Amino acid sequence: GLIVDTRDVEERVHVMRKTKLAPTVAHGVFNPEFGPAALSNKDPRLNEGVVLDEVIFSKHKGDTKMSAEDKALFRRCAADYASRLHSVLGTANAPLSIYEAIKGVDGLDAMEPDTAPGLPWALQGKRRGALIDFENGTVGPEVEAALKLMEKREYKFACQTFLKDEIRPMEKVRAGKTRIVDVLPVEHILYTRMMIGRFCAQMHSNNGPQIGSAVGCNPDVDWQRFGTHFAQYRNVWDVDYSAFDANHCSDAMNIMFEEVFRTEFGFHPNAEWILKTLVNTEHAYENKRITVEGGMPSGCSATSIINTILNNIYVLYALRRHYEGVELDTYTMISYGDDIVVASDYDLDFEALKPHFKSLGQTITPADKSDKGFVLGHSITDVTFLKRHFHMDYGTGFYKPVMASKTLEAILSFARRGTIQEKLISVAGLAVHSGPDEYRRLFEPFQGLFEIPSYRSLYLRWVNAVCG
């Protein structure tokens, strides 16, 4: 987005200044070009002069203003995609009750009881369980008062900026390219789930190419479904965006909310409103208060779904900004936030599409970082999606999600204290698809030290999962 104002205040919001990823026994074996992101300005690994405070907000390079004709085109694309979405999902989009928004419904996980509560609560030393009854699905007076302000369209909030404690390529770490999480107030998440939670549940339950969304998928089971679909198209592309969430422009976010979340599709009128509160935001980082126009905060309850919807509309808009006769059947795609696979039997020129995405504020490049840029003839076995390749398994004849061994090494090389055993079981479920030899190599630093699931047990499990 466009930073329109920066100011200092006495109230100090203590941002992330720690590192909860300890190196494991595996670090010394694999020596990964990956490490924890820098969480303190006094981190020796960063380059001299690197000031994360500057770097971490450099993503806010502006808010692209769109022309009348381009906005009218975007509106048509948003309405055409919305028509497709709602035809699949239905229009039972009435608000969830407070209980259902807290506890979840089929296709929507319950709210987290002990994650960050956001502002102003973070100042007051209050936890989420002190504001909401996650067992009974009720709210206290504080939240109830805010919900009434939201009903009245009178609610205002600040985003709380957290630095993301995660493993990153050591190059990004050296450059201070630490990611931020914008933690919204828990009552804003709550009301958003009230306004659009049934829609989100339906999105999850209907994930697939038809709606262009993989949010809610299970890669172990669904890679077969997605792979067989994309295998039958002549051209497949995997596209990278630069700072996709920060570069969603005000015009595009407002129009998308207006066309997707209409009352004529069953939504309460405040569905559009609460989503629109995401466009112009205020972010709290220590004594800094930074006001931004445009861009999506990461901590909306529906950030992934909203990013996915925008991705779908961006592709239709860009193709239509360059070709005549483009329709939702001219191509197929599936997206997860900024992640995207597009396919088509037409020789679409993604190189030529670069300026049309730029008119939206977005910069697309091939995911292969090729020097020629986009090309034709790539297949589903060439692309990466959710960090996973699409590989045929020969015992079953089914597609399986295969992660890069370098990435698995990095994941296994760090862990927070007292979770190594738990993490190994988790990562084992990702690594089984790399085959027995690599699976063995990946886990050999932990032999005699922790329980390692047998390759056989996880393969037999996966087989029943993908067919049974």
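One-based numbering along the sequence shown.
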Comparing 74-82 with 323-331, the higher average Cα temperature factor in the PDB entry belongs to 323-331
Stretch with higher mean Cα temperature factor, 362-370 vs 255-263, is 362-370
Entry record, C-alpha B-factors for 100, 142, 109, 220; the maximum is at 142
Based on the PDB entry, the highest CA temperature factor among the options 176, 337, 90, 295 is that of 176
So, residue 284's CA B-factor, relative to its chain, sits in which third? The highest
Among the modelled residues of its chain, the C-alpha B-factor of residue 193 falls in the third labelled lowest
Residue 318: CA B-factor among chain residues, third -> middle
By the entry's values, the third containing the CA B factor of residue 213 is the lowest
Sorting the chain's modelled residues by C-alpha B-factor and splitting them into thirds places residue 27 in the highest
